[PDB]
Each structure stands twice: as structure tokens, then as C-alpha cells.
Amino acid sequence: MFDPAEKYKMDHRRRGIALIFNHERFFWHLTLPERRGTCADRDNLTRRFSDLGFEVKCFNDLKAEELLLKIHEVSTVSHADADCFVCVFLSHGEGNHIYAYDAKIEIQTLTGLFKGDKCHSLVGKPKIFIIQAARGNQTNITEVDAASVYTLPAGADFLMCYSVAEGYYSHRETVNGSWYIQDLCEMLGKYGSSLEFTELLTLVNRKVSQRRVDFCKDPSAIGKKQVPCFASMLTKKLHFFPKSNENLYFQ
């Protein structure tokens, strides 16, 4: 009884949690620049993930110890009554690391906490990570960073989403926020509730790839294109259709 149109079960009581780790400033001795505009990203994401039924939980400028505690907490709580799990990083990164305030964390140890083995309540449910992280280079200016974070997959039923691929550049407007987040959040607003999520991420790839970078206020920023990507280990179609909440306890 094999079904080419099989969808993840998205009929649980609650949609699930969306973590957002949001990083604007860094410990002096890391020599990483302010990510001015990351609060636009955090707020835009918070709105769009809320409207899809997520319990959004934001954390600003956590040290490694605090971050590991919050994400481990969330991994060991029960997700039994939840459709899925979303985790977002807005920071600097390098290779297989994201920056917390004070030090780098191995991405594999964060995604590892939600792998079948370690988090039973999320087995066979989609686990989406969205990563807006690049190399800190050193009114509304556009800053540009070199891609730095390996666009790795995680495990079965994960979807890893990346602002930028190897050899491209990642853009953040200091008031409007990151190109990738703006375009992801626009697409979530228009199509979040109708389109399959990889269909949508493909729209985000088109939108971001088509941002022209020929006439730029900085000369050295010209020719630096942005192409995002996603690594899918999903096994079914993923939809965020409106949940029917009429005369039901959903908290």
C-alpha cells in the first residue's frame, strides 16, 4: 500500500515549538561584528511561525552553557502531542559550528538531541533547522558576509535550511534584516499554509538568487550573489495547513 503523495501526520493537538536563538553581539575576545538587523529577522520569523501554529520561544545572546541547557530542556520535554519541531539560529558560524555569545557550538550536537535515539516523541515527525550564519567579515546599510557554514544534512526526517551555499555571500540590511529571512518570511506569509515546505524553500531560492547585486552603494559588494540551499532527509510531503482549533484545547 505505497503512496507517492504520502504526507507527514500534521493532525496532532499542537503544531509544536519553534526555538529562535538570536545573536546580535559577541564576547569581545571573539572579534566578531554586531549583527545589526537580526532583531527584524527574529520578529519577522516569530510572527510567521506563530501564524502557522508554533509556540515560538526566542532567546537573545545566550552563552554556550545557557544555550545547551535551553535546547537540551526542549529535547527532553515530551513532543508526543506535536506535529513537528523548528529550530532557528541567527548568528555567525564556521564549518560545522554556530557561534553562541562566548564560543562556538558543533551543529551536530544540537541536531543530535532530536535524532530518533535521544527524543522518541519526535521520531517520524519533521525536524526543521533554519541557519542564517556566515563569517563575521570586519540609515539602512546592506552588510555582506562570505558563506562559512557547511550545508550538512542531519538524520532521517530532518530538513536543514541554509541562508547561503559555499562560494556565495549572505546579505543583511541593518533595519530590514537578512535577505534570506525577509524572503523566507514573505513566502511563509503568502504560501506557508498552502504549499509543501520544500516547494516554498525553492521559491526562497528563486527570490534570493534573483536579488540583483550589480549596482551597490559599496563598490566591493558588487558581484557577490546569494544562493541559499536546503538538505532534505524528509521521507514525506510536509504541509502546515491551518489546524482546526474551534472548541478544542490547543495549549
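Each residue number is its position in the shown sequence, starting from 1.
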- When the other entries of this protein are compared, is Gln138 unmodelled in at least a third of them? yes
- Query: Unmodelled stretch from the deposited sequence between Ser78 and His79, which bin: none, 1 to 3, 4 to 9, 10 or more?
  - Reply: none
- Note on the structure: Of 203-211 and 217-225, the stretch with the higher mean C-alpha B-factor in the deposited entry is 217-225
- Message: Which is higher on mean Cα B factor in this entry, 139-147 or 78-86?
- Response: 139-147
- Message: Sorting by Cα B-factor within the chain, modelled residues only, which third would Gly95 end up in: lowest, middle or highest?
- Response: middle
- Cα B factor band for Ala64 (lowest, middle or highest third within the chain): lowest
- Should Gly155 be placed in the lowest, middle or highest third of its chain by the C-alpha B factor in the entry? middle
- Note on the structure: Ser170: CA B-factor among chain residues, third -> middle
- Message: Sorting by Cα B-factor within the chain, modelled residues only, which third would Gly112 end up in: lowest, middle or highest?
- Response: middle
